[PDB]
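Enquirer: Protein chains in written order, with PDB author numbering: chain B, 2 to 734; chain C, 2 to 81; chain J, 1 to 42; chain I, 3 to 32; chain E, 64 to 129; chain F, 78 to 231; chain D, 69 to 211. For each residue, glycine too, the CB sits at the ideal point set by N, CA and C. Once you've had a glance at the structure underneath, I'll fire off some questions.
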Ligand code: CLA
Ligand code: CLA
Ligand code: CLA
Ligand code: CLA
Ligand code: CLA
Ligand SMILES: CC1=C(/C=C/C(C)=C/C=C/C(C)=C/C=C/C=C(C)/C=C/C=C(C)/C=C/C2=C(C)CCCC2(C)C)C(C)(C)CCC1
Ligand code: SF4
Ligand code: SF4
Ligand code: SF4
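Next comes the structure, spelled out in structure tokens:
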């Protein structure tokens, strides 16, 4: 110990500046710290979880506070489609007078930023109506962040810290998460919708003062205990209904209409309340599967032991997988990040196609910002899922306790998995690029008719299968005779078919050959990013080049210039290489989404359908064309409110290019340069009276890869966020 | 300082000791191989981690292994 | 002579001759059958 | 009026105190 | 008695960290001197990552395959 | 027709592209003399444009709203000339290339220096093997049934 | 049995005009090194720190900042010229520590008075998986 970092003696005894960097970069790697035990490991993780929850509650609390203080929420409720919501107020003493003038918008007294997170529509749809309601929620979350820190501190003293056996109680944890954390929370949310949100959506302001007096339904509760639940679905709202008023209001609380509210263009609030209630009670029954202290339930160990196919095509099946995952926190985090990244992308794909918050589909800047945000979030989460999968193989995988099960068999034929992932990436890359270049050459020579435009007929057939008419393939939901259509005409199909064939929303947009080419670029990005992460995770314990890689850990610089050269041979470097492909993949995904919508919102879908089939169209008719108002955020003749993006736009270009220095130039050059600088300081008068207490050295090789990747990613995200919002909000459509 | 280890697969060709630029390796008598000698790392406090010894080992797999550990003034190659 | 023929069999020279013959053939095919997005002979 | 007090308190005074205190702790010896 | 396989026979390399693991090579000399933990000398068709074509292995590290 | 497309012989945008392309070439033609070599070149390009558009419309190509031939690769028998038929032709050629190269590598694998015949091609051996790809789907299929295509235990 | 030669100060140093690659404050407060050799005549030799110096005839003493600089110069003294060499470490207290050649024999030549340090008696691939040393201060190669 003796000095920073107190958890690593070898870092503390470093005489150079490297002591500080590695002390920061390894603060949360509890397993590498000195004198760590399984108890201290789970306990520090437990308290870190509480601290995170406190962070999240405090963050949401602050968001409510500024919307209620400097925001537009009360004025925005009156005009949902004519009021620009306010994020907070701007107080920058570097502002010139015109900067104050151009940034004063949304109907405020001083300069303000226009919020683009969608919390206004979210809070209006759930029942919040006045700034006082937002102040109440902020105090509650500030108080919740307080008790989160309280519980985190509480379980760090003896007799409150639990044993590692308590953390390894998987059966009880799953039952409670499915029953309580998943189901009871969804059940209570359905309760909030049917008490406050739905009546709030009909003109009735239900709050804590009067929620005990009002009835959510005229004949409340009674039918629920009888079985005549259909009385809760009798009188929905008319298709000619105004959200904050009562003209067209009904009295139903649980419906299955299937479409959108025609005015708000968001999902039916009764449908959402019924949805949460149905999935909740489904989670409640499902949360009674595993065995606890009552003599009934399953042993997850025994279920895994019993799933072994005779004939031995999977060897010993899943035997030993229970303890393999229950003892490895990296395995559990890998599964958690994998599932979370999938449902994060699921949220992205559904919030733009099935908007659930009132008056959010018309806020085009908000829809673009939200989809881009979650897709990059999900991309990072997926890279982390595979990163911790490799970390599990190195730090926790016991080959003898996983003998001849499915997990060890993955390693047994690692070459087959990696080679075929390589073939699929090569196939997709060769052909997708080739077709794009072919069409580029055709349009260069002025012969558009010679392009190769393949019709995405399989996804078109699926859209017709959902009842879309634009392609006329006459399958179920699109054909009058299929039983899939007859069984649903009574319920969701009227509203569903009404919404899918509306040419304004984005519920299953019309797709053409341009969409076929972009989706194959997406397949290339997914396959190659998967290839990088899987090859690194399977070759993490060893390779023909370095058969003892597991002894060197997860993150090390290299193995030297011997044996031909072993640069970027660790699994950490595999992650580091895959993040570039993740950013490239999400870049393709979001370039696709933003261009299709920004042409749809402009009513010019033909420009996308005709220009997305060749890459010169992407450079010219998407990036170059939409950058106009952005780059003119400030010109030699003045500026407007888009200047903050024109600046951030260039800011992102700088950080990104700065990362190239850390990624192209490597260490030894900078070490010799620092040596020539240390001599300069020791031989300079006056200044040599100042002595450094940490020896200046060049950044570590792994540190350089990390710093270069962080600059690359920060520039990536900030450059695109600036262009996205400025090109969309500059038009607002 | 960096850790250096010698495994008994060593054939005793004395190549790791010749390539070492800070005199960390030694050749001690042994009875396992034909040259009657094996390598040892008694002065890893001077080891810089160049892995120039591993580049010269003819054994498959290596018989010298340099596991980069806690950095010191000597291991970082500082003249200042 | 035998050494000259052995030089002509080296990888770059064999590649150039092979790819030149291939390039000329595809050029004449697209010269007698230009454009063609499909296989029209069915 | 409150921004005229808290914006410098978090962009000037807070990083000043934070960077100075972290410097003393990082450079401290035992 | 000659310990180990005869010289020239094909051997399946069973050392997991070897460049020729699960592959096959040919025997050169079997050192009959005990206390030698790696007597079997094998020569290989293809060079490893160190441009080396011969290596020494133990008796339980080589399997005779025809 | 299929996927809402209209055949290019029926599409107006398809015929308007042919018109505008030919009229654009004619606009370049008025600048030069009727006996000029650029004139005969532009006239040949116009005739080549008419031939291209007519051939696309004659062989049943489907056109979108953009007046450009869209290809249908679902396997519909009305458009096998757009993918499946040229794809089978490709797979025949690709298998030929791979099978001949494989036959070459097998023939030289027992040489004293197999690397010698990989950087200096044995053209006589190559010329004798290039025509075995003509029957590659047969020779490969038999090697599949006899266990000669895949190396045992690798 | 071998007895290391003690470092004799006032030993002549090669002729050199001075360079910027010499000692720094590390030599004053941390440590520095000193290499000694005999040499037959006055010669020119490239300095591991800067340019060229004139190796004096008879005993020579040269103070450097790093150990690797000493062994590199010694190796060239043993290759280009045919000169034996020793070098030591000098702490700021004045203490001297003999380094190389340790036994008086060069390290590439086997010597019977040497003991094994860090010699594992198994194949390199016979190390254990990292999970078997988890929560311990051990490594799979220290054993
Ligand atoms: C994580 C939530 C959060 C976030 C991101 C922000 C962000 C911002 N706030 Mg704010 N604030 C918050 C919570 C938050 N606040 C809470 C809970 C309160 C009490 C109700 C306030 C009260 C407040 C006032 C009065 C003002 C701001 C202002 C501002 C802006 C200027 C920066 C500043 O003065 O720092 C924030 C200053 C504070 C006093 C907030 C810190 C106190 C709370 C309890 C957070 C706890 C801090 C703790 C010591 C360390 C947190 C750990 C880590 C998460 C940072 C800025 C955009 C100024 C502004 O409007 O700019 C024009 C301003 O006038 N805030
Ligand atoms: C994030 C917080 C923050 C804040 C609140 C400010 C605030 C300010 N900046 Mg600054 N700046 C910042 C970050 C910040 N900056 C960063 C990160 C950079 C690096 C890019 C800069 C670079 C920068 C430059 C180059 C300049 C400013 C200037 C200014 C001042 C211009 C407005 C003015 O005319 O006032 C009044 C102008 C005065 C001269 C009065 C000075 C105010 C008194 C003397 C403050 C007293 C200081 C106090 C005693 C001790 C403070 C430190 C203490 C907390 C330890 C203003 C007070 C300008 C400036 O300072 O003018 C010379 C200017 O030249 N800033
Ligand atoms: C709930 C999710 C989760 C959790 C609990 C963990 C937990 C852990 N991770 Mg992990 N990871 C995750 C997700 C997660 N990760 C994801 C999504 C990715 C993909 C990006 C990764 C990729 C990853 C790698 C490559 C590594 C880990 C490692 C680790 C372990 C040590 C981390 C550490 O102490 O370093 C401390 C972390 C920091 C000090 C963060 C500093 C760097 C950040 C990104 C810079 C901030 C960006 C920028 C400056 C701010 C914005 C700019 C501004 C201008 C606005 C630890 C147990 C490390 C490990 O121990 O391997 C065995 C390891 O090398 N993770
Ligand atoms: C019914 C009893 C119960 C309940 C309610 C909980 C609840 C919780 N436990 Mg716990 N636990 C229990 C019993 C219970 N536990 C028992 C009996 C044991 C002993 C075996 C444990 C042992 C245990 C451990 C070891 C840990 C927890 C942890 C947690 C927290 C998980 C992190 C989180 O908040 O994510 C929230 C999850 C949800 C909100 C539901 C899922 C979210 C879905 C998938 C997506 C979001 C839905 C929707 C689309 C969101 C819309 C977005 C919009 C609202 C903005 C959570 C609050 C962690 C913790 O302590 O953190 C401090 C943890 O480390 N528990
Ligand atoms: C006889 C030559 C030959 C053959 C039969 C194969 C066969 C195969 N390769 Mg391959 N390859 C070759 C050459 C060859 N390759 C060369 C020269 C390179 C270096 C550019 C590669 C690089 C390569 C990669 C990176 C991959 C494969 C893969 C594969 C497998 C999947 C199919 C594929 O993707 O092919 C694709 C073919 C290419 C990408 C390049 C082929 C170039 C030409 C067409 C082949 C060379 C012909 C030769 C010069 C002719 C000699 C004539 C002789 C008679 C004198 C497959 C069994 C994939 C795999 O791992 O399987 C899962 C894979 O990832 N190959
Ligand atoms: C490396 C590793 C790892 C990691 C891994 C991962 C990361 C994985 C993943 C993955 C993923 C990321 C996945 C995904 C998925 C998904 C799926 C698998 C799905 C599905 C489904 C289906 C089948 C569907 C169906 C349907 C329905 C239901 C309805 C509608 C129609 C349809 C058809 C759509 C671990 C740690 C483990 C271990 C170690 C190693
Ligand atoms: S030190 Fe740098 S150049 Fe050398 S092997 Fe390692 S990563 Fe490659
Ligand atoms: S890594 Fe370099 S300094 Fe260390 S023992 Fe090997 S050769 Fe010597
Ligand atoms: S290089 Fe390898 S085989 Fe040669 S003496 Fe050193 S450890 Fe032994």
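If you count every other CB in all the chains shown that lies within 10 Å of the CB of residue 617 (chain B), and 16 or more means buried, which is it?
Expert: Here residue 617 (chain B) is taken as the residue at index 616 of the first chain, counted from 1. Answer is exposed; the Cβ neighbour count stays below 16.
Enquirer: For residue 155 (chain B) and residue 192 (chain B), I'd like the C-alpha separation in whole angstroms.
Expert: For the purposes of this step, residue 155 (chain B) is taken as the residue at position 154 of the first chain. For the purposes of this step, residue 192 (chain B) is taken as the residue at position 191 of the first chain. So the alpha carbons of these two residues sit roughly 32 Å apart.
Enquirer: List the residues of chain J that residue 204 (chain F) touches, going by C-beta distances under 7 Å, in chain order.
Expert: Here residue 204 (chain F) is taken as the residue at index 127 of the sixth chain, counted from 1. None at all; the shortest Cβ gap to chain J is about 11 Å.
Enquirer: Taking only beta-carbon positions, decide if residue 35 (chain J) is within less than 8 Å of chain B.
Expert: The residue given as residue 35 (chain J) occupies position 35 in the third chain. With 8 Å as the cut-off, residue 35 (chain J) counts as an interface residue toward chain B.
Enquirer: In terms of residue numbering, what span does the beta strand (DSSP E) encompassing residue 146 (chain F) cover?
Expert: Counted from its first residue, the sixth chain places residue 146 (chain F) at position 69. First-last of the beta strand (DSSP E) with residue 146 (chain F): 146-148.
Enquirer: Comparing the CB of residue 135 (chain D) with every heavy atom of ligand 8, is any distance shorter than 7 Å?
Expert: Taking the seventh chain and counting its residues from 1, the one referred to as residue 135 (chain D) is at position 67. No; taking the cut-off as 7 Å, the Cβ of residue 135 (chain D) has no heavy atom of ligand 8 nearer than that.
Enquirer: What's the call for residue 112 (chain D), buried or exposed, on a 16-neighbour Cβ count within 10 Å?
Expert: The residue you call residue 112 (chain D) lines up with position 44 of the seventh chain. The residue in question, residue 112 (chain D), is exposed, as its Cβ has fewer than 16 Cβ neighbours within 10 Å.
Enquirer: For chain D, find out if any of its Cβ atoms is closer than 8 Å to the Cβ of residue 30 (chain C); answer yes or no.
Expert: Position 29 of the second chain holds residue 30 (chain C). At least one chain D Cβ lies under 8 Å of residue 30 (chain C).
Enquirer: So if I threshold CB-CB distances at 9 Å, which residues from the stretch 79-112 of chain E count as touching chain C?
Expert: Going along the stretch 79-112 of chain E in chain order, one finds 80, 81, 82, 83, 94, 96, 98, 99, 100, 101, 111, 112 with a Cβ nearer than 9 Å to chain C.
Enquirer: So, does the CB of residue 26 (chain C) fall closer than 8 Å to a CB anywhere in chain B?
Expert: Sequence index remark: in the second chain, residue 26 (chain C) carries index 25 (1-based). For residue 26 (chain C), the answer is no, since every Cβ of chain B falls outside 8 Å of its Cβ.
Enquirer: Interface residues of chain C around residue 191 (chain D) at Cβ under 7 Å?
Expert: Within the seventh chain, numbered from 1, the residue matching residue 191 (chain D) stands at position 123. Those within 7 Å of residue 191 (chain D) in chain C are 8, 10.
Enquirer: Measuring alpha carbon to alpha carbon, tell me which of B:597, B:686, B:720, B:701 ends up nearest residue 646 (chain B).
Expert: Numbered from its first residue, the first chain carries residue 646 (chain B) at position 645. Closest by alpha carbon: B:720.
Enquirer: When we look at the beta-carbon of residue 57 (chain C) and count the other beta-carbons within 10 Å, is it buried (16 or more) or exposed?
Expert: Indexing the second chain from 1 puts residue 57 (chain C) at position 56. Counting Cβ neighbours within 10 Å, residue 57 (chain C) comes out buried, since at least 16 surround it.
Enquirer: If the cut is a Cβ gap below 9 Å, which residues of chain F does residue 11 (chain J) touch?
Expert: Against the third chain, residue 11 (chain J) aligns to sequence position 11. Correct list: 195, 196, 197, 198.
Enquirer: Does DSSP classify residue 130 (chain D) as helix, strand or coil?
Expert: Position 62 of the seventh chain, counting from 1, holds the residue named residue 130 (chain D). Correct three-state label for residue 130 (chain D): strand.
Enquirer: Below 7 Å CB to CB, which residues in the same chain sit around residue 718 (chain B) once its five sequence neighbours on both sides are set aside?
Expert: Reading the first chain from its first residue, position 717 is the one you call residue 718 (chain B). Cβ neighbours of residue 718 (chain B) beyond the five flanking positions: 377.
Enquirer: Less than 8 Å separating the beta-carbons of residue 534 (chain B) and residue 259 (chain B)?
Expert: Here residue 534 (chain B) is taken as the residue at index 533 of the first chain, counted from 1. Here residue 259 (chain B) is taken as the residue at index 258 of the first chain, counted from 1. Not a contact, by the Cβ cut-off of 8 Å.
Enquirer: To which residues of the same chain is residue 353 (chain B) closer than 7 Å at the C-beta, ignoring the five residues directly before and after it?
Expert: Within the first chain, residue 353 (chain B) is the residue found at index 352, counting from 1. The residues are 368, 372, 507.
Enquirer: Looking at the C-beta of residue 39 (chain B), does it have a partner C-beta in chain D at a distance below 8 Å?
Expert: Here residue 39 (chain B) is taken as the residue at index 38 of the first chain, counted from 1. Chain D contact via Cβ: present.
Enquirer: If we call anything under 8 Å between Cβ atoms a contact, is residue 51 (chain B) one with residue 183 (chain B)?
Expert: Position 50 of the first chain, counted from the start, is the residue given in the question as residue 51 (chain B). Position 182 of the first chain, counted from the start, is the residue given in the question as residue 183 (chain B). Contact: no.
Enquirer: Let's test the definition: count the other Cβ atoms within 10 Å of the Cβ of residue 48 (chain C) and tell me whether it reaches 16, buried, or not, exposed.
Expert: Within the second chain, the letter at position 47 stands for residue 48 (chain C). That one is buried.
Enquirer: Return helix, strand or coil for residue 37 (chain C), following the three-state DSSP convention.
Expert: Position 36 of the second chain, counted from the start, is the residue given in the question as residue 37 (chain C). In the structure shown, residue 37 (chain C) sits in coil (DSSP, three-state: anything other than H, G, I, E or B).
Enquirer: Considering only residues of the same chain and omitting the five flanking positions on each side of residue 582 (chain B), which have a CB-CB separation below 8 Å?
Expert: Indexing the first chain from 1 puts residue 582 (chain B) at position 581. These residues qualify, in order along the chain: 526, 529, 530, 533.
Enquirer: Between residue 586 (chain B) and residue 380 (chain B), is the Cβ-Cβ spacing less than 8 Å?
Expert: Working through the first chain from its first residue, we reach residue 586 (chain B) at position 585. Working through the first chain from its first residue, we reach residue 380 (chain B) at position 379. Yes, they are a contact pair.
Enquirer: When Cβ atoms are compared, which residues of the stretch 172-186 of chain D fall closer than 8 Å to chain C?
Expert: Cβ contacts with chain C: 175, 176, 177, 178, 179, 180, 182, 183, 184, 185, 186.
Enquirer: Could you check if residue 50 (chain C) belongs to the surroundings of ligand 7, using beta carbon to heavy atom distance under 7 Å?
Expert: By one-based count along the second chain, residue 50 (chain C) stands at place 49. It does not: the Cβ of residue 50 (chain C) is nowhere closer than 7 Å to a heavy atom of ligand 7.
Enquirer: What does a CB cutoff of less than 8 Å around residue 579 (chain B) pick up in its chain, not counting 5 residues either side in sequence?
Expert: Locating residue 579 (chain B) in the first chain gives position 578, counting from the first residue. The answer, listed in chain order, is 384, 387, 530, 533, 534, 537.
Enquirer: To the nearest angstrom, how far is it from the Cα of residue 158 (chain D) to the Cα of residue 114 (chain D)?
Expert: The residue you call residue 158 (chain D) lines up with position 90 of the seventh chain. The residue you call residue 114 (chain D) lines up with position 46 of the seventh chain. Rounded to the nearest angstrom, the two C-alpha atoms are 23 Å apart.
Enquirer: Just to check, is the beta-carbon of residue 563 (chain B) closer than 7 Å to a non-hydrogen atom of ligand 9?
Expert: Taking the first residue of the first chain as position 1, residue 563 (chain B) is located at position 562. It does not: the Cβ of residue 563 (chain B) is nowhere closer than 7 Å to a heavy atom of ligand 9.
Enquirer: Quick one: what's got a C-beta closer than 8 Å to residue 300 (chain B)'s C-beta in the same chain, skipping five residues either side?
Expert: Sequence index remark: in the first chain, residue 300 (chain B) carries index 299 (1-based). 172, 291, 292.
Enquirer: So, helix, strand or coil for residue 81 (chain C), using DSSP?
Expert: Taking the second chain and counting its residues from 1, one reaches residue 81 (chain C) at position 80. Residue state, collapsed to three classes: coil.
Enquirer: With hydrogens ignored, establish whether the beta-carbon of residue 491 (chain B) is closer than 7 Å to any heavy atom of ligand 1.
Expert: As a working mapping, residue 491 (chain B) is identified with position 490 in the first chain. Residue 491 (chain B) Cβ: outside cutoff for every heavy atom of ligand 1.
Enquirer: Any beta carbon from chain B within less than 8 Å of residue 12 (chain I)'s own beta carbon?
Expert: As a working note, residue 12 (chain I) is residue 10 in the fourth chain. Answer no: the Cβ-Cβ gap between residue 12 (chain I) and chain B never drops below 8 Å.
Enquirer: Give the straight-line distance between the Cα atoms of residue 118 (chain D) and residue 62 (chain C), rounded to the nearest whole angstrom.
Expert: Sequence index remark: in the seventh chain, residue 118 (chain D) carries index 50 (1-based). Sequence index remark: in the second chain, residue 62 (chain C) carries index 61 (1-based). Going from the Cα of residue 118 (chain D) to the Cα of residue 62 (chain C) covers about 39 Å.
Enquirer: Since residue 712 (chain B) and residue 657 (chain B) should fall inside the 8 Å C-beta cutoff, what is the C-beta to C-beta distance between them, to a whole number of angstroms?
Expert: The count along the first chain starts at 1 and reaches residue 712 (chain B) at position 711. The count along the first chain starts at 1 and reaches residue 657 (chain B) at position 656. Indeed, because the Cβ distance is near 7 Å, the residues count as touching under 8 Å.
Enquirer: Can you pull the chain C neighbours of residue 115 (chain E), defined as C-beta to C-beta under 9 Å?
Expert: Here residue 115 (chain E) corresponds to residue number 52 of the fifth chain, with the count starting at 1. Going along chain C in sequence order, the residues near residue 115 (chain E) (Cβ under 9 Å) are 59, 60, 61.
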